[PDB]
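Working notes, beginning with the structure itself.
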Amino acid sequence: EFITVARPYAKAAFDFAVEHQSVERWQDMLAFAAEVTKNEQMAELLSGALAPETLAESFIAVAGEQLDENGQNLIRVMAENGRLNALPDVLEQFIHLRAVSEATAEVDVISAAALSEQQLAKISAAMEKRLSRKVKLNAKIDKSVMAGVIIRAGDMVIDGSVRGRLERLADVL
Amino acid sequence: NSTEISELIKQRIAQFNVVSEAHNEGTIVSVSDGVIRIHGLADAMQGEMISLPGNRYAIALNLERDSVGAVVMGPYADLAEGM
Amino acid sequence: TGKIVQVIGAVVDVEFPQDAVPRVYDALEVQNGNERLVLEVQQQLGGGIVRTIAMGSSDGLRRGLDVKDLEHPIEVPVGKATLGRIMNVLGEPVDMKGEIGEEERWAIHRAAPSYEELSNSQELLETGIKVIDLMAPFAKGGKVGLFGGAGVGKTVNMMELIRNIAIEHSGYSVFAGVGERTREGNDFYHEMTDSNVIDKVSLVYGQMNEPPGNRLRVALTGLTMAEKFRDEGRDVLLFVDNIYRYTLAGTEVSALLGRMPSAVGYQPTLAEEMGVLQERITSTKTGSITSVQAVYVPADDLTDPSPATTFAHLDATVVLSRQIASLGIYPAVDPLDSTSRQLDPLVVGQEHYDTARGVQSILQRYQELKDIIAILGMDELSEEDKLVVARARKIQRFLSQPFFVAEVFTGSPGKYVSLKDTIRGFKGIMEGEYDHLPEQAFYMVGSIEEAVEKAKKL
Amino acid sequence: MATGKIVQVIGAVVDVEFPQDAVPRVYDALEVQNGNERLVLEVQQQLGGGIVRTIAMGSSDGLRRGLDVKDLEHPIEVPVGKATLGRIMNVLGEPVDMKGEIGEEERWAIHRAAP
Ligand SMILES: Nc1ncnc2c1ncn2[C@@H]1O[C@H](COP(=O)(O)OP(=O)(O)OP(=O)(O)O)[C@@H](O)[C@H]1O
Ligand SMILES: [Mg+2]
Numbered sequence: 002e003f004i005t006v007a008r009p010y011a012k013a014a015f016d017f018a019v020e021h022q023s024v025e026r027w028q029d030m031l032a033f034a035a036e037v038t039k040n041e042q043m044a045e046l047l048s049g050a051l052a053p054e055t056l057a058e059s060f061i062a063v064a065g066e067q068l069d070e071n072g073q074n075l076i077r078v079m080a081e082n083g084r085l086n087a088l089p090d091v092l093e094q095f096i097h098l099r100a101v102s103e104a105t106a107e108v109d110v111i112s113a114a115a116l117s118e119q120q121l122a123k124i125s126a127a128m129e130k131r132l133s134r135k136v137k138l139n140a141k142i143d144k145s146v147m148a149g150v151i152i153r154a155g156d157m158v159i160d161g162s163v164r165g166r167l168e169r170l171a172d173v174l
Numbered sequence: 004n005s006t007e008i009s010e011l012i013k014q015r016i017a018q019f020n021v022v023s024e025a026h027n028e029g030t031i032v033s034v035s036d037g038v039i040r041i042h043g044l045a046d047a048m049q050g051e052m053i054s055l056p057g058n059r060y061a062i063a064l065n066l067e068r069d070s071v072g073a074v075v076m077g078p079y080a081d082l083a084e085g086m
Numbered sequence: 002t003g004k005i006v007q008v009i010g011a012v013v014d015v016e017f018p019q020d021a022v023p024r025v026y027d028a029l030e031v032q033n034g035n036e037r038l039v040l041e042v043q044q045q046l047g048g049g050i051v052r053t054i055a056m057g058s059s060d061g062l063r064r065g066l067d068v069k070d071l072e073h074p075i076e077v078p079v080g081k082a083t084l085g086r087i088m089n090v091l092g093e094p095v096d097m098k099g100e101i102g103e104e105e106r107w108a109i110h111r112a113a114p115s116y117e118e119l120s121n122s123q124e125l126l127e128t129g130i131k132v133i134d135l136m137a138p139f140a141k142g143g144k145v146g147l148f149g150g151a152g153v154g155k156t157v158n159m160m161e162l163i164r165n166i167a168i169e170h171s172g173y174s175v176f177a178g179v180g181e182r183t184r185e186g187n188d189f190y191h192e193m194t195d196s197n198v199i200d201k202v203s204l205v206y207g208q209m210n211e212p213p214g215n216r217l218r219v220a221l222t223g224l225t226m227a228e229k230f231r232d233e234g235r236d237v238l239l240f241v242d243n244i245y246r247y248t249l250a251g252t253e254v255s256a257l258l259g260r261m262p263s264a265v266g267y268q269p270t271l272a273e274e275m276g277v278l279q280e281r282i283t284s285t286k287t288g289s290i291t292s293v294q295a296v297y298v299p300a301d302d303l304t305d306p307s308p309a310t311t312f313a314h315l316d317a318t319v320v321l322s323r324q325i326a327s328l329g330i331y332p333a334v335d336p337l338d339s340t341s342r343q344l345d346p347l348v349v350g351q352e353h354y355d356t357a358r359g360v361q362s363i364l365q366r367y368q369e370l371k372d373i374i375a376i377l378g379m380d381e382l383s384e385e386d387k388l389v390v391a392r393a394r395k396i397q398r399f400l401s402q403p404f405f406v407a408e409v410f411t412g413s414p415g416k417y418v419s420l421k422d423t424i425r426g427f428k429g430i431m432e433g434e435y436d437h438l439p440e441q442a443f444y445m446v447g448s449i450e451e452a453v454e455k456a457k458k459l
Numbered sequence: 000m001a002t003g004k005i006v007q008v009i010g011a012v013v014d015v016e017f018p019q020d021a022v023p024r025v026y027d028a029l030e031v032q033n034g035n036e037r038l039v040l041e042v043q044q045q046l047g048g049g050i051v052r053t054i055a056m057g058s059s060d061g062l063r064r065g066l067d068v069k070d071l072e073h074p075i076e077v078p079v080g081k082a083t084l085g086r087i088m089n090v091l092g093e094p095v096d097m098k099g100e101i102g103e104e105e106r107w108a109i110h111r112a113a114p
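First to last, the sequence lines map onto chains W, A, D and F.
Quick note: the first sequence uses PDB author numbering, first residue 2, plus one each step.
Quick note: the second sequence uses PDB author numbering, first residue 4, plus one each step.
Quick note: the third sequence uses PDB author numbering, first residue 2, plus one each step.
Quick note: the fourth sequence uses PDB author numbering, first residue 0, plus one each step.
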């Protein structure tokens with residue numbers, strides 16, 4: 002998958018967007034550059050053997066919204082190295098960099114029920130204490146949770162569920 | 004705002020006439036030592052005879068994700084990229 | 002549900018929705034023109050791509066064909082319903098008779114029996130062949146391997162073993178043809194039917210014409226049938242026509258599976274792939290499998306990784322030599338390389354053990370003298386060295402024997418020799434009881450009495 | 000008019016990029032100005048994207064990236080016939096003796112199918 006080759010471009014784009022105070026515009030621009038990449042006919046063209054600059058100018062032709070001489074030049078750079086299919090992964094790493102820079106974390110909470118919303122106030126305060134970031138909750142109700150709740154933040158998980166506790170005790174053979 | 008930009012893309016591809024090859028047809032991408040790489044041929048099948056310009060054939064040996072690998076049944080030196 | 006996305010030789014990549022990706026060794030199915038093709042899943046790549054091997058000809062496959070996900074591995078009929086019938090790798094009937102009256106189907110991928118279940122046995126099993134049960138005797142429920150290059154008599158020796166054992170033995174038998182000649186399968190089938198012994202034998206044939214996936218999986222099909230008969234509590238005979246073709250079919254696909262080459266270009270998984278197959282051929286406290294396997298030796302190189310790996314898995318190993326075969330001594334067994342776990346004074350008893358080690362010592366000394374003899378000639382030897390040579394040559398001739406399946410080749414009637422006659426004869430030769438007979442008296446005679454009768458007419 | 004440009008020089012191997020529509024065919028002969036002398040390149044492989052890979056028929060030293068490349072549309076062509084007798088030539092059919100120009104009547108391509 003494109004993650005490893007997408008990282009350098011994501012960093013460069015975020016750094017440039019920080020200098021010119023345009024991060025939000027850059028995000029909305031990369032969204033469009035990634036979305037044109039997903040189109041059928043454009044995807045067939047990307048898999049073809051066009052010389053870099055001809056492909057770059059056709060892509061820039063479709064990507065009209067892009068800020069000329071900044072985003073369109075980013076397309077030219079990626080077209081020199083044929084990374085245009087990595088654009089969905091050049092995006093979302095830009096979003097990751099933004100969330101890190103803005104010291105903000107999406108954190109997820111899965112339970113057997115819709116949580117009491119007072120519970121969510123306590124959970125959000127607790128997460129803003131566990132991690133020194135503002136925490137956006139987007140909790141979920143899940144049938145698999147017999148009872149209790151799972152808290153997931155980044156790649157750390159704190160299992161408070163009855164299902165997990167059962168399959169943790171059932172392990173004690 | 005996603006559906007709107009999706010159809011905007013589909014309008015703008017037509018405005019610039021970017022379009023696919025027909026099925027059963029493709030282009031030579033690269034040529035070396037009698038091995039041929041072809042882009043397109045979405046309906047080509049393993050072991051098929053692919054007719055080249057002139058009156059000669061290549062045999063499809065690999066159906067890669069992005070290309071067909073084929074070997075030329077005769078002289079290959081006159082073949083070129085983009086045929 | 003699935004879509005074909007690549008076709009490279011025998012390997013087909015299929016994409017599935019990420020919530021539905023098939024398990025490893027699941028069977029998939031795709032319509033190829035006017036026929037149905039099964040694919041077996043080998044690897045899960047990322048993003049719902051899955052990499053599979055075609056159980057049939059992959060020519061004519063397009064990209065973009067719709068693929069059906071069968072929820073189970075390859076499963077084959079087992080039990081008495083298979084007896085007397087010829088079946089394919091997929092467990093399909095290949096003889097022109099009707100459908101197989103199966104009651105049960107077993108997945109061909111299985112685990113070996115646990116260490117607790119294994120059973121020991123020391124019951125010596127007799128054969129009609131002098132050299133085999135003299136030099137490398139083997140027991141009921143053990144494994145025998147015939148090692149040899151191209152055209153040195155692996156099949157003929159295995160057919161003699163079939164004739165003798167699998168007809169004095171009373172239980173069921175399974176014959177697995179793996180990547181060998183179709184002509185030989187048809188010949189075997191008929192001479193089984195003419196003898197009316199076919200109704201005791203299940204035959205699975207994966208011969209060389211088949212594309213690589215069939216040759217890869219057919220051995221597991223045969224083992225699955227043999228395991229059904231073993232777990233029923235019977236005593237079973239399993240014959241494998243050439244085990245080497247299984248490893249070779251692994252080699253052919255390994256590169257297309259994206260695995261770096263090893264050693265002499267073999268797949269890196271060679272030892273594990275051979276071991277998981279071999280460990281399932283085992284006698285158990287519930288029932289016993291006796292196994293005879295042919296092992297082809299590429300370029301006669303016994304140090305090649307495939308024979309070298311095979312050697313550790315067998316109880317008795319008989320090594321056939323092209324150099325002996327070109328003398329016309331048949332069976333072309335090398336007694337200085339053939340060996341058995343059973344050549345042990347406790348199981349065989351002292352007379353047999355002493356006779357075998359005496360023969361081994363004399364033949365080794367003859368090897369030591371041949372380099373002197375090549376340059377100088379024999380006249381320079383000492384008078385005891387000349388006696389060593391004179392006895393070693395007679396021993397080499399007396400290991401020859403006419404076979405019934407070799408009646409068509411030689412034109413002379415086949416011979417069956419009891420073990421006692423072998424021990425008595427070789428002990429007499431080494432003691433010099435027959436120092437007055439010519440060498441020709443010993444060639445292709447069944448027993449020592451026949452050597453003296455041949456000597457009377459030279 | 001030269002239409003290609005050199006894009007790599009790795010020892011004797013020279014890669015040249017042409018427009019998509021004018022890639023030279025395999026076995027064709029190219030030439031470049033290596034300072035104050037012409038250097039001939041023979042096409043071995045057509046890579047994707049208009050890039051072609053060639054073997055230099057001469058010394059590779061002094062070549063820059065970006066030099067102009069002329070596409071001679073025939074293979075290497077050499078003089079033939081009676082004028083060649085008693086003359087020493089190099090692989091390109093150029094006189095290696097000092098004895099002046101060869102009075103050629105024809106030049107044939109060195110790459111041919113057998114009878
Ligand atoms: N006991 C024997 N007596 C006489 N000839 C024999 C004997 N064994 C083998 N041969 C000769 O060797 C030939 C080949 O034998 P066989 O088919 O058993 O060899 P193989 O080593 O199993 O060969 P392959 O690797 O080709 O399957 C026979 O056709 C016959 O000519
Ligand atoms: Mg054989």
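All residues carry an ideal CB built from backbone N, CA and C; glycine is no exception.
Annotation note: the stretch 2-46 of chain W contains no uninterrupted beta strand (DSSP E) run of length 3 or greater. Beta bridge pairing from DSSP links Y297 of chain D with D:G149. Around the CB of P308 of chain D, 16 or more other CB atoms lie within 10 Å, so the residue is classed as buried.
Rounded to whole angstroms, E432 of chain D and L147 of chain D show a C-alpha spacing of 31 Å. Per DSSP, reduced to three states, the secondary structure at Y206 of chain D is strand. A Cβ of chain F is located within less than 7 Å of the beta carbon of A52 of chain W. Interface annotation, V22 of chain A: in contact with chain W, CB-CB separation under 7 Å. Short of 6 Å from the beta carbon of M128 of chain W, and not among the five residues preceding or following it, lie these beta carbons of its own chain, in chain order: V108 and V136. Note: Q32 of chain F is bridge-paired with F:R37 in the DSSP secondary-structure output.
Residue pairing by DSSP places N65 of chain A opposite A:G72 and D:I9 in a beta bridge. For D70 of chain D, the enclosing beta strand (DSSP E) covers residues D67 to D70. Note on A108 of chain F: under 16 other CB atoms within 10 angstroms of its CB, so exposed under the neighbour-count rule. Neighbours of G65 of chain W in chain A, taken as residues at a C-beta separation under 8 Å, are given in chain order as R15.
Of the heavy atoms belonging to ligand 1, none sits nearer than 6 Å to the Cβ of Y267 of chain D. Annotation: the continuous beta strand (DSSP E) that includes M52 of chain A extends over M52 to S54. Scanning chain A for C-beta atoms nearer than 9 Å to the C-beta of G65 of chain D yields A45 and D46, reported in chain order. The beta carbons of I396 of chain D and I430 of chain D sit about 6 Å from each other, so the pair counts as a contact at 8 Å.
For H42 of chain A, the chain W residues whose Cβ falls inside 8 Å of its Cβ are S48, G49 and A50, in order along the chain.
At a Cβ-Cβ threshold of 7 Å, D60 of chain D and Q14 of chain A do not count as neighbours. About 5 Å separates the beta carbon of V163 of chain W from that of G149 of chain W, a gap short enough to meet the 8 Å contact definition. According to DSSP, residue pairing for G288 of chain D in a beta bridge involves D:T285. In this structure, D:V254 is the residue among D:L62, D:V254, D:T248 and D:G142 with its C-alpha nearest to the C-alpha of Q43 of chain D. Only exposed fits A113 of chain F, as fewer than 16 other CB atoms lie within 10 angstroms of its CB. No Cβ-Cβ contact shorter than 7 Å links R52 of chain F with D96 of chain F. Taking 7 Å as the threshold, the shortest C-beta distance from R111 of chain F to chain A does not fall below it. With contacts defined by Cβ atoms closer than 7 Å, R134 of chain W and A115 of chain W do not form a contacting pair. In this structure, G172 of chain D sits near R235 of chain D, with a CB-CB distance shorter than 7 Å.
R260 of chain D has its alpha-carbon roughly 47 Å from the corresponding atom of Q402 of chain D.
Close to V37 of chain W, with beta-carbon spacing below 9 Å, are these residues of chain A in chain order: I8, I12, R15 and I16.
Across the structure, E211 of chain D and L31 of chain W are spaced so that their CA atoms are roughly 52 Å apart.
Rounded to whole angstroms, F60 of chain W and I76 of chain W show a C-alpha spacing of 8 Å. Residue side-chain check: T183 of chain D keeps its Cβ at 6 Å or more from all non-hydrogen atoms of ligand 2. In the same chain as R342 of chain D, and ignoring 5 residues on each side of it, the C-beta atoms closer than 6 Å to its own belong to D316, in chain order. At a cut-off of 7 Å between beta-carbon atoms, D69 of chain A makes contact with chain W.
Of the candidates W:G65, W:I4 and W:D16, the residue whose Cα lies closest to the Cα of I12 of chain A is W:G65.
By the Cβ test, the stretch 149-157 of chain D is in contact with the stretch 291-308 of chain D, since at least three Cβ pairs between them sit closer than 8 Å.
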